[PDB]
Amino acid sequence: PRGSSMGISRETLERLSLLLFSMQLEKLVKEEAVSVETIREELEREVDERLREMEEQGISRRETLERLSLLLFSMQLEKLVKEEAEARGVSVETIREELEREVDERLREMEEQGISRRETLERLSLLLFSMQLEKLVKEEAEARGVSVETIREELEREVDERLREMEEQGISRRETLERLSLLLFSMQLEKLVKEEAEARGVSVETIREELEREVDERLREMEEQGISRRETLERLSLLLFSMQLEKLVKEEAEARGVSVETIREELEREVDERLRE
């Protein structure tokens with residue numbers, strides 16, 4: 001009845017998440033800074049205080065991350081749906097229902113439960129990651145003048161090679177959300193690495209090796225403090241998700257011309273609905 005609590009790990013997905021979240025967090029702290037190290041330690045202290053607060057009421061770090069993700073992914077899905085509705089000239093509800101229809105068709109083909117009978121976070125993740133990945137696929141296909149199928153098959157090939165170069169199973173035998181995250185995170189990382197390489201005037205390899213080194217150093221420090229790789233990922237996701245949420249709220253408020261508190265109120269109604277769930 002016990003599982004990964006026995007020390008048997010998704011190691012590929014964990015490394016990829018460390019790399020991607022580290023990239024995204026570095027960009028966010030650089031934009032927020034004052035000093036970046038000051039912002040980093042400030043965010044660390046705020047997250048630690050919030051963790052103590054949720055411990056004082058009996059909420060674990062994993063559950064805190066789960067609720068924060070419900071907030072963040074709700075915001076990201078809302079922004080993506082709104083942008084697609086505007087680009088297509090239809091309402092947000094139409095885009096939402098088309099996304100649900102498409103994802104449920106794919107799950108049918110796979111002989112799996114649909115989004116309606118899945119857990120709240122898993123359903124939100126499936127919807128959001130499907131839309132993000134499809135947007136990235138169509139963008140890269142347009143940019144390279146190739147087929148969307150070509151893009152998706154090259155991405156699946158690259159991720160499958162990476163997986164099999166680590167004694168792990170292929171992309172064909174992973175569960176739905178894990179494969180979806182593997183694909184999405186790989187694509188997002190490649191795009192971020194390439195754009196930063198162009199912006200800073202250095203090679204892609206420079207960026208990627210700096211990233212790998214930053215992550216290995218953080219992991220060695222955590223191991224020195226007696227912190228597990230899973231806990232390291234959870235702390236990094238807490239920091240990053242808080243920063244992403246705050247940026248999304250600020251930007252949506254500035255774009256709609258409303259106060260930040262109105263953005264939060266709308267999000268909080270919608271989210272407390274799924275939180276009672």
Side-chain angles (χ1 to χ4, degrees), residues 13-14 16-25 28-29 32 39 43 47-48 50-51 54 60-61 63-65 67-77 79-81 83-84 92 95-96 99 103 115 118-133 135-136 177-178 180-181 183-185 187-189 232-234 236-245 247-249 251 253 255-256 258 260 262-265 267 271 273-275 277:
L13 189 52
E14 286 198 36
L16 185 58
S17 312
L18 288 160
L19 290 163
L20 175 70
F21 297 173
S22 283
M23 196 71 191
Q24 297 171 322
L25 186 68
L28 283 184
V29 301
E32 195 73 3
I39 296 269
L43 186 70
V47 163
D48 270 351
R50 216 44 55 74
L51 273 205
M54 306 272 283
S60 53
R61 163 195 53 208
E63 297 174 299
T64 297
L65 179 51
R67 313 224 213 204
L68 170 62
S69 303
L70 182 64
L71 277 173
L72 172 60
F73 297 178
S74 284
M75 198 70 222
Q76 296 177 313
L77 188 61
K79 179 198 204 197
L80 272 151
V81 165
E83 283 164 20
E84 175 81 338
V92 287
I95 293 298
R96 246 181 219 87
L99 171 68
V103 174
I115 45 161
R118 283 170 123 105
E119 184 262 326
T120 300
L121 196 42
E122 158 191 34
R123 174 210 300 129
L124 186 45
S125 297
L126 282 171
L127 295 161
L128 167 67
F129 293 1
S130 291
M131 200 149 61
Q132 276 172 325
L133 174 64
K135 190 146 141 279
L136 291 160
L177 184 53
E178 166 179 57
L180 191 47
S181 319
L183 296 177
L184 172 66
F185 294 177
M187 186 102 105
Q188 281 177 318
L189 185 52
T232 303
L233 182 51
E234 278 169 357
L236 170 70
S237 322
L238 278 165
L239 303 164
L240 167 69
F241 288 1
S242 311
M243 303 259 291
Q244 285 175 320
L245 182 51
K247 180 204 226 264
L248 279 153
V249 160
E251 269 167 354
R256 233 157 92 178
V258 278
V260 142
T262 323
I263 304 309
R264 299 215 231 264
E265 252 168 49
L267 179 65
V271 148
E273 242 159 66
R274 314 243 205 182
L275 250 177
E277 197 190 334

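Along the sequence shown, residues carry numbers from 1. For the numbers below, each heavy atom of this structure counts, side chains included, while hydrogens, waters and symmetry mates do not.
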- [ ] For residues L80 and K135, determine if any side-chain heavy atom of one lies less than 4.5 Å from a side-chain heavy atom of the other.
- [x] yes
TODO: For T232 and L18, work out which heavy atoms get closest and say how close.
DONE: CG2-CD2, 4.4 Å
- [ ] Side-chain contact test, heavy atoms from C-beta onward, threshold under 4.5 Å: evaluate it for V81 versus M131 and give yes or no.
- [x] yes
Task: Separation between CD of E119 and CZ of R274, rounded to the nearest 0.5 Å - done: 10.5 Å
- [ ] Could you tell me whether the side chain of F129 reaches within less than 4.5 Å of the side chain of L183, counting heavy atoms only?
- [x] no
Open item on the list: Could you measure the distance from the CG atom of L13 to the CG atom of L177? Nearest 0.5 Å is fine.
Closed with: 8.5 Å
Open item on the list: Would you say that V103 contacts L99 through its side chain, given a criterion of any heavy-atom pair below 4.5 Å between the two side chains?
Closed with: yes
TODO: Would you give the length of the straight line joining atom CD of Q24 to atom OG of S17, rounded to the nearest 0.5 angstrom?
DONE: 10.0 Å
TODO: Quick one: pull up CG in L77 and CD1 in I95 and give me the separation to the nearest 0.5 Å.
DONE: 11.5 Å
Task: Heavy-atom closest pair, residues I115 and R123 - done: O-NE, 3.2 Å
